[PDB]
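Below you'll find the structure, written out as structure tokens, and then a few comments.
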Amino acid sequence: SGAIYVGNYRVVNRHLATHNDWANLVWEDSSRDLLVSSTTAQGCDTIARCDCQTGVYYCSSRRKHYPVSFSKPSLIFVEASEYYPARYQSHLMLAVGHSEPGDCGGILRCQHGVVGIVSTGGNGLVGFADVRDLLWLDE
Ligand SMILES: NC(=O)[C@H]1CCCN(C(=O)[C@@H](Cc2ccc(F)cc2)c2ccccc2)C1
Ligand SMILES: [Zn+2]
């Protein structure tokens, strides 16, 4: 679990969005596994606006942060799960690292701010949904 809180927005994995997220829906994209909802309180997270390919992510299944080198956001095949049929997930970045069910929502950060959230894993890999292209989160 986990979310990004920036301005009057909450960014979560679309497959973990709650009834309240859908009632206050701003934007969602099944191909990216992202959903953004509106909030009443101000969020203070800073979104990175950069092309960093190194950062640190939080892994809830280890209660630890790990440094990672990750690929540029791209279209990657993701196997069928109870949440989605087999498909290409867009804007996904892969890295070598531990990730298991329950880790989605952990933040990946670089020196500039929040880069994205855990969205996929297994086999010693971890996949992050990028949020750096969503410039409207800042306004
Ligand atoms: N973005 C997606 O489509 C996710 C949705 C949840 C599932 N998902 C994952 O990759 C799971 C692994 C998994 C489990 C059962 C399956 F039938 C297929 C794959 C996972 C997420 C996070 C960290 C480690 C593993 C894709
Ligand atoms: Zn950066």
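Values quoted throughout were computed directly from the atomic coordinates according to the rules given, and no laboratory measurement underlies them. All Cβ positions, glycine included, derive from the backbone under ideal geometry; neighbour counts span all protein chains shown.
Taking only Cα atoms and a 10 Å spring cutoff, compute GNM fluctuations for the chain and point out the largest among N24, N123, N13.
Answer for the Gaussian network model of the chain: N123.
Any idea how far apart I76 and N123 come out in nm if each label point goes 7 Å out from Cα toward Cβ?
1.1
Could you give me the percent of Cα pairs per 10 Å distance bin for the stretch 45-139, shortest bin first, beginning at zero and ending with the bin that holds the maximum distance?
Answer for the stretch 45-139: a P(r) of 17, 52, 28, 3 percent.
Placing unit charges on C-beta atoms (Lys and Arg positive, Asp and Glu negative, everything else neutral), compute the dipole magnitude of the chain about its Cα centre in debye, rounded to 20.
The dipole of the chain has a size of about 360 debye.
Can you tell me the Rg and Dmax of the stretch 1-63, counting just the alpha carbons, in angstroms?
12.9, 35
For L25, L134, what's the fewest-to-most ordering of other Cβ within 10 Å of each Cβ?
Least crowded to most crowded, the residues run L25, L134.
Would you mind ranking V68, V11 by Cβ crowding within 10 Å, fewest neighbours first?
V68, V11
For the chain, with a Gaussian network of springs between Cα atoms less than 10 Å apart, report the residue from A86, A95, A48 with the top mean-square fluctuation.
Result for the chain, Cα springs under 10 Å: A86 fluctuates most.
Which one of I117, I76, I107 has the biggest mean-square fluctuation once the chain is modelled by GNM with Cα springs under 10 Å?
Maximum fluctuation in the GNM of the chain, among the listed residues, is at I76.
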